[PDB]
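Undergrad: Below are the structure tokens for one structure; questions will follow.
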Amino acid sequence: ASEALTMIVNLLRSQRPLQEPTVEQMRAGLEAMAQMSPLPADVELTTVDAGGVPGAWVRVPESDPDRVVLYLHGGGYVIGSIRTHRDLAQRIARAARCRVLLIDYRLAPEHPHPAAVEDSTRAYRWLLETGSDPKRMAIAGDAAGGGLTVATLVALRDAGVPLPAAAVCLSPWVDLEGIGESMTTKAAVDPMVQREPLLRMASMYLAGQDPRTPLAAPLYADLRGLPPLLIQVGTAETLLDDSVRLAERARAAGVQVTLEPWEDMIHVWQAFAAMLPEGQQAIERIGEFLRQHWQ
């Protein structure tokens with residue numbers, strides 16, 4: 001990997017955003033880090049009420065106005081915001097030449113499962129109501145948002161809602177128990193995600209519910225009928241086996257899966273694209289995948 005990877009690893013080993021002692025310090029810590037990679041001048045951000053869920057339209061000059069990604073941010077269902085993920089959103093808008101709807105879905109512990117899935121499905125239905133066509137739509141998300149992407153597709157399908165052209169999961173979190181082999185074997189090389197913080201956030205999201213609740217932990221969901229899925233994951237991730245097990249389950253359910261394991265990459269390395277070449281390379285691949293499925 002690029003020598004730039006060492007700089008991102010060094011940043012993450014010091015900041016330890018998921019290890020902050022309180023939820024508000026974790027939220028503020030991630031917002032502080034996101035401010036390091038500020039929005040280019042050509043990004044247009046428009047606040048919207050997405051059918052009872054707050055959102056922001058993210059548009060760049062070459063955004064096709066009729067193509068939309070519903071983007072579901074990461075942060076363990078507990079942290080993250082429009083502020084933390086607007087840069088990743090504009091980079092995807094730029095690569096996929098589309099508009100991105102970045103939603104502020106309800107966060108735990110204040111709003112446990114299933115609040116996040118109620119909000120993601122509400123925003124998708126609102127896009128349909130306001131005239132977006134599923135064949136020009138996609139759902140994408142990182143980490144918890146990657147899990148939420150799969151859960152949103154399952155919930156939409158079960159409600160007879162037409163599914164979008166494709167979906168993208170960046171380092172998805174789909175096992176809320178952290179029982180994947182990589183949760184032990186990649187603990188030493190993962191500077192951001194470990195089992196203890198994951199279980200802390202899972203507890204806030206689940207509020208005592210079964211950790212294998214399908215819409216909370218879509219490794220246990222029925223994935224039949226889902227549209228083509230791109231899963232991007234780093235091999236230096238405790239969550240590597242979340243992506244491997246998701247790919248196995250989706251393929252067993254007849255879903256078209258592309259699993260891309262990026263050698264030595266860390267959790268949501270795409271977020272560091274300003275400084276990490278592999279981050280921008282991975283976002284270019286997301287754009288290629290979406291534009292292919294919108295043909």
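Following the order of the structure tokens, first chain is A, next is B, and so on, with residues numbered from 1 inside each chain and ligands from 1 in the order they appear.
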For the interface of segment 166-196 of chain A with segment 236-252 of chain A (cut-off 7 Å, counting only C-alpha atoms), please tabulate each contacting residue of segment 166-196 of chain A alongside its nearest pair of atoms and their separation in Å to one decimal, rows sorted by chain and increasing number, as CSV.
TA:
residue,atom,partner,partner_atom,distance
A:171,CA,A:239,CA,6.7
A:172,CA,A:243,CA,6.3
A:173,CA,A:242,CA,6.1
A:174,CA,A:242,CA,5.9
A:175,CA,A:242,CA,6.3
A:180,CA,A:241,CA,5.3
A:181,CA,A:241,CA,6.5
A:182,CA,A:238,CA,4.8
A:183,CA,A:238,CA,4.2
A:186,CA,A:238,CA,5.0
A:187,CA,A:238,CA,5.8
A:189,CA,A:236,CA,5.6
A:190,CA,A:237,CA,5.3
A:193,CA,A:238,CA,6.5
A:194,CA,A:238,CA,6.6
Undergrad: Taking a cut-off of 12 Å and counting only C-alpha atoms, can you build a table that, for each residue of segment 13-84 of chain A near segment 147-165 of chain A, reports the nearest atom pair and how far apart they are in Å (one decimal), sorted by chain then residue number, as a Markdown table?
TA:
| residue | atom | partner | partner_atom | distance |
| --- | --- | --- | --- | --- |
| A:67 | CA | A:165 | CA | 10.4 |
| A:68 | CA | A:164 | CA | 9.8 |
| A:69 | CA | A:164 | CA | 9.4 |
| A:70 | CA | A:149 | CA | 9.0 |
| A:71 | CA | A:149 | CA | 8.4 |
| A:72 | CA | A:149 | CA | 6.8 |
| A:73 | CA | A:148 | CA | 8.9 |
| A:74 | CA | A:148 | CA | 8.9 |
| A:75 | CA | A:147 | CA | 11.1 |
| A:76 | CA | A:147 | CA | 9.6 |
| A:77 | CA | A:148 | CA | 8.8 |
Undergrad: Can you pull out the residues contacting residue 64 of chain A? Cut-off 12 Å, using only C-alpha atoms, and skip same-chain residues under 4 positions away; I want them as a VMD selection string.
TA: chain A and resid 58 to 60 68 to 69 93 to 100 136 to 137 291 294
Undergrad: Could you take the residues named above and write them with N, CA, C and O atoms, as a PDB file, in the first residue's frame?
TA:
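Writing the result to part.pdb gives the following:
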ATOM      1  N   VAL A  58     -26.658  16.572  -1.817  1.00  0.00           N
ATOM      2  CA  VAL A  58     -25.236  16.858  -2.137  1.00  0.00           C
ATOM      3  C   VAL A  58     -25.116  16.743  -3.652  1.00  0.00           C
ATOM      4  O   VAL A  58     -25.364  15.665  -4.202  1.00  0.00           O
ATOM      5  N   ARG A  59     -24.745  17.848  -4.296  1.00  0.00           N
ATOM      6  CA  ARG A  59     -24.696  18.012  -5.769  1.00  0.00           C
ATOM      7  C   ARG A  59     -23.315  18.567  -6.134  1.00  0.00           C
ATOM      8  O   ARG A  59     -22.805  19.421  -5.372  1.00  0.00           O
ATOM      9  N   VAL A  60     -22.733  18.097  -7.236  1.00  0.00           N
ATOM     10  CA  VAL A  60     -21.469  18.648  -7.794  1.00  0.00           C
ATOM     11  C   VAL A  60     -21.768  19.017  -9.242  1.00  0.00           C
ATOM     12  O   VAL A  60     -22.828  18.666  -9.747  1.00  0.00           O
ATOM     13  N   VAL A  68     -29.794   9.302  -8.311  1.00  0.00           N
ATOM     14  CA  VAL A  68     -29.757   9.598  -6.856  1.00  0.00           C
ATOM     15  C   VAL A  68     -29.170   8.391  -6.129  1.00  0.00           C
ATOM     16  O   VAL A  68     -29.627   7.280  -6.335  1.00  0.00           O
ATOM     17  N   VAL A  69     -28.229   8.644  -5.237  1.00  0.00           N
ATOM     18  CA  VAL A  69     -27.795   7.680  -4.198  1.00  0.00           C
ATOM     19  C   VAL A  69     -28.372   8.144  -2.866  1.00  0.00           C
ATOM     20  O   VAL A  69     -28.092   9.288  -2.464  1.00  0.00           O
ATOM     21  N   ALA A  93     -20.860  11.435  -5.280  1.00  0.00           N
ATOM     22  CA  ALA A  93     -21.649  12.240  -6.243  1.00  0.00           C
ATOM     23  C   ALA A  93     -20.780  12.536  -7.465  1.00  0.00           C
ATOM     24  O   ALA A  93     -21.271  12.409  -8.591  1.00  0.00           O
ATOM     25  N   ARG A  94     -19.516  12.891  -7.231  1.00  0.00           N
ATOM     26  CA  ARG A  94     -18.557  13.307  -8.283  1.00  0.00           C
ATOM     27  C   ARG A  94     -18.181  12.098  -9.145  1.00  0.00           C
ATOM     28  O   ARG A  94     -18.192  12.225 -10.389  1.00  0.00           O
ATOM     29  N   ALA A  95     -17.888  10.952  -8.535  1.00  0.00           N
ATOM     30  CA  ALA A  95     -17.447   9.738  -9.258  1.00  0.00           C
ATOM     31  C   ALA A  95     -18.622   9.094 -10.007  1.00  0.00           C
ATOM     32  O   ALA A  95     -18.423   8.632 -11.143  1.00  0.00           O
ATOM     33  N   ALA A  96     -19.807   9.042  -9.397  1.00  0.00           N
ATOM     34  CA  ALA A  96     -21.019   8.403  -9.970  1.00  0.00           C
ATOM     35  C   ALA A  96     -21.791   9.389 -10.852  1.00  0.00           C
ATOM     36  O   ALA A  96     -22.759   8.959 -11.500  1.00  0.00           O
ATOM     37  N   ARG A  97     -21.399  10.663 -10.862  1.00  0.00           N
ATOM     38  CA  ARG A  97     -22.066  11.758 -11.619  1.00  0.00           C
ATOM     39  C   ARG A  97     -23.566  11.727 -11.317  1.00  0.00           C
ATOM     40  O   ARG A  97     -24.392  11.619 -12.238  1.00  0.00           O
ATOM     41  N   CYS A  98     -23.908  11.825 -10.036  1.00  0.00           N
ATOM     42  CA  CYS A  98     -25.302  11.762  -9.544  1.00  0.00           C
ATOM     43  C   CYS A  98     -25.484  12.752  -8.400  1.00  0.00           C
ATOM     44  O   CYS A  98     -24.485  13.353  -7.966  1.00  0.00           O
ATOM     45  N   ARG A  99     -26.723  12.903  -7.943  1.00  0.00           N
ATOM     46  CA  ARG A  99     -27.052  13.589  -6.675  1.00  0.00           C
ATOM     47  C   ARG A  99     -27.013  12.559  -5.547  1.00  0.00           C
ATOM     48  O   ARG A  99     -27.341  11.390  -5.780  1.00  0.00           O
ATOM     49  N   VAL A 100     -26.641  12.992  -4.357  1.00  0.00           N
ATOM     50  CA  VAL A 100     -26.659  12.130  -3.149  1.00  0.00           C
ATOM     51  C   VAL A 100     -27.624  12.753  -2.153  1.00  0.00           C
ATOM     52  O   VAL A 100     -27.512  13.956  -1.883  1.00  0.00           O
ATOM     53  N   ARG A 136     -32.826   4.508 -11.651  1.00  0.00           N
ATOM     54  CA  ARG A 136     -31.809   5.588 -11.597  1.00  0.00           C
ATOM     55  C   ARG A 136     -31.397   5.853 -10.146  1.00  0.00           C
ATOM     56  O   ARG A 136     -30.829   6.926  -9.875  1.00  0.00           O
ATOM     57  N   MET A 137     -31.669   4.907  -9.247  1.00  0.00           N
ATOM     58  CA  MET A 137     -31.411   5.055  -7.795  1.00  0.00           C
ATOM     59  C   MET A 137     -30.430   3.979  -7.327  1.00  0.00           C
ATOM     60  O   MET A 137     -30.286   2.938  -7.982  1.00  0.00           O
ATOM     61  N   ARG A 291     -22.533   3.681 -12.280  1.00  0.00           N
ATOM     62  CA  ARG A 291     -22.817   4.127 -13.667  1.00  0.00           C
ATOM     63  C   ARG A 291     -23.103   2.906 -14.546  1.00  0.00           C
ATOM     64  O   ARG A 291     -23.993   3.014 -15.415  1.00  0.00           O
ATOM     65  N   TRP A 294     -26.714   1.765 -13.924  1.00  0.00           N
ATOM     66  CA  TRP A 294     -27.676   2.792 -14.402  1.00  0.00           C
ATOM     67  C   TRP A 294     -27.761   2.828 -15.936  1.00  0.00           C
ATOM     68  O   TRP A 294     -28.657   3.522 -16.439  1.00  0.00           O
TER      69      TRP A 294
END
Undergrad: For residue 55 of chain A, find every residue with an atom within 9 Å (counting only C-alpha atoms), except residues of its own chain fewer than 4 positions away, and show them as JSON, numbers by chain.
TA: {"A": [46, 47, 48, 49, 50, 82, 101, 102, 103, 104, 105, 123]}
Undergrad: Restricting it to N, CA, C and O atoms, dump the selection as a JSON list (two decimals), in the first residue's frame.
TA:
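What follows is the written file result.json:
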[["chain", "number", "residue", "atom", "x", "y", "z"],
["A", 46, "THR", "N", -27.96, 21.30, 0.09],
["A", 46, "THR", "CA", -29.33, 21.84, 0.28],
["A", 46, "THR", "C", -30.04, 21.01, 1.34],
["A", 46, "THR", "O", -30.30, 19.81, 1.09],
["A", 47, "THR", "N", -30.37, 21.59, 2.49],
["A", 47, "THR", "CA", -31.13, 20.88, 3.54],
["A", 47, "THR", "C", -32.53, 20.58, 2.98],
["A", 47, "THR", "O", -33.06, 21.41, 2.20],
["A", 48, "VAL", "N", -33.09, 19.44, 3.35],
["A", 48, "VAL", "CA", -34.46, 19.03, 2.91],
["A", 48, "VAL", "C", -35.09, 18.20, 4.03],
["A", 48, "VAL", "O", -34.36, 17.53, 4.77],
["A", 49, "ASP", "N", -36.42, 18.29, 4.14],
["A", 49, "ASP", "CA", -37.22, 17.33, 4.94],
["A", 49, "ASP", "C", -37.56, 16.16, 4.01],
["A", 49, "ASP", "O", -38.44, 16.33, 3.16],
["A", 50, "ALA", "N", -36.83, 15.05, 4.12],
["A", 50, "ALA", "CA", -37.01, 13.85, 3.28],
["A", 50, "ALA", "C", -38.15, 13.01, 3.87],
["A", 50, "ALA", "O", -37.89, 11.92, 4.37],
["A", 82, "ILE", "N", -24.55, 14.41, 9.04],
["A", 82, "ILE", "CA", -24.36, 15.08, 7.73],
["A", 82, "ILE", "C", -22.96, 15.71, 7.69],
["A", 82, "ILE", "O", -22.31, 15.63, 6.64],
["A", 101, "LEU", "N", -28.55, 11.96, -1.63],
["A", 101, "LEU", "CA", -29.37, 12.36, -0.47],
["A", 101, "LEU", "C", -28.72, 11.76, 0.77],
["A", 101, "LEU", "O", -28.76, 10.53, 0.93],
["A", 102, "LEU", "N", -28.11, 12.61, 1.59],
["A", 102, "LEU", "CA", -27.43, 12.21, 2.84],
["A", 102, "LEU", "C", -28.41, 12.44, 3.99],
["A", 102, "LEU", "O", -28.72, 13.60, 4.25],
["A", 103, "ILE", "N", -28.91, 11.38, 4.63],
["A", 103, "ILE", "CA", -29.99, 11.54, 5.63],
["A", 103, "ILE", "C", -29.43, 11.49, 7.05],
["A", 103, "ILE", "O", -28.46, 10.75, 7.34],
["A", 104, "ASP", "N", -30.07, 12.25, 7.92],
["A", 104, "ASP", "CA", -29.79, 12.26, 9.36],
["A", 104, "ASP", "C", -30.74, 11.27, 10.03],
["A", 104, "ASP", "O", -31.69, 11.71, 10.68],
["A", 105, "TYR", "N", -30.52, 9.97, 9.85],
["A", 105, "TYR", "CA", -31.39, 8.93, 10.45],
["A", 105, "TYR", "C", -31.21, 8.99, 11.97],
["A", 105, "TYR", "O", -30.17, 9.43, 12.49],
["A", 123, "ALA", "N", -37.17, 7.66, 3.85],
["A", 123, "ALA", "CA", -36.45, 8.56, 2.91],
["A", 123, "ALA", "C", -36.52, 7.97, 1.50],
["A", 123, "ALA", "O", -36.75, 8.72, 0.55]]
Undergrad: Record the distance separating atom CA of residue 92 of chain A and atom CA of residue 287 of chain A, expressed in Å with one decimal.
TA: 6.4 Å
Undergrad: Which residues in segment 109-159 of chain A does DSSP call strand (DSSP E or B)? List them as a PyMOL selection string.
TA: chain A and resi 137-142
